[PDB]
């Protein structure tokens, strides 16, 4: 599973497309995936599993005019291809016609594909996987006498190849890697027991934060929570840690995606051209970053991806749409069939410490809990944990509180975005200072 195999997979995709044709299909879309890697788990100094995985499959979506049919299988080979295609068509021929259905026009298929350098094999023997996973836990325990237990420490290293093709003649494919190391620790103190973790993800294993650093960090976090208590119900400013900030903007994205929009299940429906954020705030996508964890050179329709803004000086200038979204809404695709890639929120020059100082007083949120977000109405209420701030400092840990606001207002009330930017996924935000929110606790 490397670039070296990509050619076999192209050939496989060609055969699937050809078979669909032989069987009478109007058009079709095919995806093939190979993946393999090694996954190591440790706990309380014990190795629990060390496992090697190799997974292959393909899925096809077919058309019989305006009728649609899908099928997938992990089998390979001629009979399999014949069997899977025949199934997609049994469905296509017995389901109904969709006006919006069918591939993008052929002129729209990516003409060329940048090299995104996503493939960095990690030479990692299971002996070194176990060595590191254990060095991580041990650094946790070694960091504070009060960290007395662990949930898993998991080290994951994987390689994959994906190829996509359609009846329009498009065929595109890339190989990638992803390595991660997560650590989950339990600490006891002040009449209580508290839990936290840390992790890192990188396409190049070598760029992962040291196993030690990840462990120390999961431990400090666990320990800092000891002695958490509620606070007095009050409307105060709230500071979201970068990794919780990410989820917020996730709700933004969901709300501006075609699916939500045309299902009339989005608070942001119709918001194109509106000020949803502060004048200084921009949100923009950069799909071609070399080595990035969210890079992609084409979307799930096979349109070329391109750099673009979604929010510009506070203003929503674009929804996130694929071909079928666009047709549903009477708009063009934004070459985002399958979502965004490498999203960025613009930020100032202040770090979390600076932002805490600026907040003066309020709630720093480092964890949220529950399903309290309604995308249809923007209504938001979630359990939360973190630290209370006063006189520009962290006074003490907080738990058993809930936070409330409408997202619509929340986004308007963003006071700053920090330069303490998260790098472990597809959405780079720093910490987010919100002017005020309803904090409730008893």
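Numbering follows the first chain given and starts at 1.
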Inset, instruction - Select between 12-20 and 421-429 the stretch whose C-alpha atoms have the higher average B-factor in the entry. - result: 12-20
Inset, instruction - Compare the mean C-alpha B-factor of 78-86 with that of 287-295 as given in the PDB entry, and name the stretch with the higher value. - result: 78-86
Inset, instruction - Between 327, 229, 216, 179, let me know which has the highest C-alpha B-factor in the entry? - result: 229
Legend entry - Which of 132, 308, 111, 203 ranks first by CA B-factor in the deposited coordinates: 111
Inset, instruction - Quick one: classify residue 321 as lowest, middle or highest third of the chain based on its Cα B-factor. - result: middle
Inset, instruction - Grab the CA temperature factor for residue 33 from the record and place it in the lowest, middle or highest third of its chain. - result: highest
Legend entry - Third of the chain, ranked by Cα B-factor, where residue 402 sits: highest
Legend entry - Chain third (lowest, middle, highest) by recorded CA B-factor, residue given as residue 70: middle
Legend entry - Modelled-residue ranking by C-alpha temperature factor, third containing residue 395: highest
